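Only one structure is covered here, and it is reproduced in the block below.
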Amino acid sequence: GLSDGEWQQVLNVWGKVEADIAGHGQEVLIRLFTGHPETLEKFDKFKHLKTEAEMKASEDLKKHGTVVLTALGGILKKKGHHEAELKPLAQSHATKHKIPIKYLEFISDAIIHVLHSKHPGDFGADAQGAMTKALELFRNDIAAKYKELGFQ
Ligand code: HEM
């Protein structure tokens with residue numbers, strides 16, 4: 001449950017991401033994969049990436065980063081009214097990709113890390129609070145769908 005002012009902060013922060021969705025998406029995934037190498041194993045199409053240099057050079061990783069952040073941005077712009085947008089992602093990530101909710105926590109924190117890394121001094125405490133709450137809401141609603149599906 002975010003207030004109007006918190007959603008305003010989220011969407012203000014998101015404008016930073018939308019200015020360079022592929023660069024943000026790439027760095028989010030690289031942060032996830034390097035911070036939590038087990039997550040790489042969930043991607044048949046990225047498990048060949050042995051080094052961060054290879055990840056950085058991967059155009060397909062940037063492409064997927066764009067897909068991920070485009071989806072997330074579409075969800076965030078719903079300001080919590082995202083049941084229709086979230087449902088297929090929860091279902092695909094539970095049933096097809098088999099992504100534990102822990103990895104969604106990892107990527108949530110990776111987003112925060114990337115925002116500070118790319119916008120040092122420009123991702124204020126209020127913005128971090130609001131973005132964190134929005135990612136928690138996202139993760140929590142996914143978690144509810146995971147529970148429905150019995151997925152761990
Ligand atoms: C912000 C969180 C995330 C969003 C918005 C997101 C979004 C997406 C989207 C839109 C797709 C393609 C459509 C689909 O299959 O449903 C996708 C595919 C996938 N996602 Fe995610 N995802 C997220 C987090 C994760 C995490 C944390 C993992 C694994 C650690 C993961 C693993 C995958 C895999 C394995 C695929 C299929 C990739 C392929 O083979 O093309 N996702 N994701």
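Just remember, in the structure tokens the first chain shown is A, the second B, etc., residues are 1-based per chain, and ligands are 1-based in the order shown.
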Helix (DSSP H, G or I) positions in segment 3-152 of chain A, given as a ChimeraX atom specification = /A:4-19,21-35,37-42,52-57,59-76,83-96,101-118,125-149
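Selecting all polymer residues at most 7 Å from ligand 1, using only C-alpha atoms and all ligand atoms, gives residues 39, 40, 42, 43, 44, 45, 67, 68, 69, 71, 72, 88, 89, 92, 93, 97, 99, 103, 104, 106, 107 and 108 of chain A.
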Write a file of the selected residues as a CSV table (one decimal), in the first residue's frame, keeping N, CA and C atoms.
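Written output follows (part.csv):
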```csv
chain,number,residue,atom,x,y,z
A,39,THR,N,21.4,-17.6,-9.8
A,39,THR,CA,20.3,-17.1,-10.6
A,39,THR,C,20.6,-17.3,-12.1
A,40,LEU,N,21.9,-17.2,-12.4
A,40,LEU,CA,22.2,-17.4,-13.8
A,40,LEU,C,21.8,-18.8,-14.3
A,42,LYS,N,19.2,-20.3,-13.9
A,42,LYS,CA,17.8,-20.3,-14.3
A,42,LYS,C,17.6,-19.9,-15.8
A,43,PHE,N,18.6,-19.3,-16.4
A,43,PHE,CA,18.5,-18.8,-17.7
A,43,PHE,C,19.4,-19.7,-18.6
A,44,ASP,N,18.7,-20.6,-19.3
A,44,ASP,CA,19.4,-21.4,-20.3
A,44,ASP,C,20.2,-20.5,-21.3
A,45,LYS,N,19.6,-19.4,-21.6
A,45,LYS,CA,20.2,-18.5,-22.6
A,45,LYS,C,21.4,-17.6,-22.1
A,67,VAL,N,13.3,-6.3,-21.7
A,67,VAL,CA,12.1,-7.0,-21.5
A,67,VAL,C,11.7,-6.9,-20.1
A,68,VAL,N,12.6,-7.2,-19.2
A,68,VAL,CA,12.3,-7.3,-17.7
A,68,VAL,C,11.8,-5.9,-17.3
A,69,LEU,N,12.6,-4.9,-17.5
A,69,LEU,CA,12.3,-3.6,-17.0
A,69,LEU,C,11.1,-3.0,-17.7
A,71,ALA,N,8.5,-4.7,-18.5
A,71,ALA,CA,7.4,-5.4,-17.8
A,71,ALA,C,7.2,-4.7,-16.5
A,72,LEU,N,8.3,-4.6,-15.7
A,72,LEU,CA,8.2,-4.0,-14.4
A,72,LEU,C,7.7,-2.6,-14.5
A,88,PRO,N,0.2,-13.1,-15.3
A,88,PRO,CA,1.0,-13.9,-16.2
A,88,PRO,C,2.5,-14.1,-15.8
A,89,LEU,N,3.0,-13.0,-15.2
A,89,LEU,CA,4.4,-13.1,-14.8
A,89,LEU,C,4.6,-14.0,-13.6
A,92,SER,N,4.2,-17.5,-15.1
A,92,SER,CA,5.3,-18.0,-15.9
A,92,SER,C,6.6,-18.2,-15.0
A,93,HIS,N,6.8,-17.3,-14.0
A,93,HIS,CA,8.0,-17.4,-13.2
A,93,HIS,C,7.8,-18.6,-12.2
A,97,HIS,N,9.5,-20.9,-15.4
A,97,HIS,CA,10.9,-20.6,-15.1
A,97,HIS,C,11.4,-21.1,-13.8
A,99,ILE,N,11.2,-19.8,-10.6
A,99,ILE,CA,12.0,-18.8,-10.0
A,99,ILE,C,11.5,-18.7,-8.5
A,103,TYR,N,14.6,-15.1,-5.3
A,103,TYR,CA,15.3,-14.5,-6.4
A,103,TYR,C,14.7,-13.2,-6.8
A,104,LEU,N,13.4,-13.0,-6.6
A,104,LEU,CA,12.7,-11.8,-6.8
A,104,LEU,C,13.1,-10.8,-5.7
A,106,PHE,N,16.2,-10.8,-4.5
A,106,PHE,CA,17.5,-10.5,-5.0
A,106,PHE,C,17.4,-9.4,-6.1
A,107,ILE,N,16.5,-9.6,-7.1
A,107,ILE,CA,16.5,-8.6,-8.1
A,107,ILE,C,15.9,-7.3,-7.7
A,108,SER,N,15.0,-7.3,-6.7
A,108,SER,CA,14.5,-6.1,-6.1
A,108,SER,C,15.7,-5.3,-5.5
```
Nearby residues (only C-alpha atoms) at most 12 Å from residue 117 of chain A, same-chain spacing under 5 positions excluded, as a PyMOL selection string = chain A and resi 23-24+27-28+31+110-112+122-123
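When only C-alpha atoms are used to compute distances to residue 50 of chain A, the closest of the residues A:5, A:37, A:25, A:15 turns out to be A:37.
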Pick from A:41, A:18, A:148, A:6: nearest to residue 95 of chain A, with only C-alpha atoms counted?
->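 Counting only C-alpha atoms, the residue closest to residue 95 of chain A is A:148.
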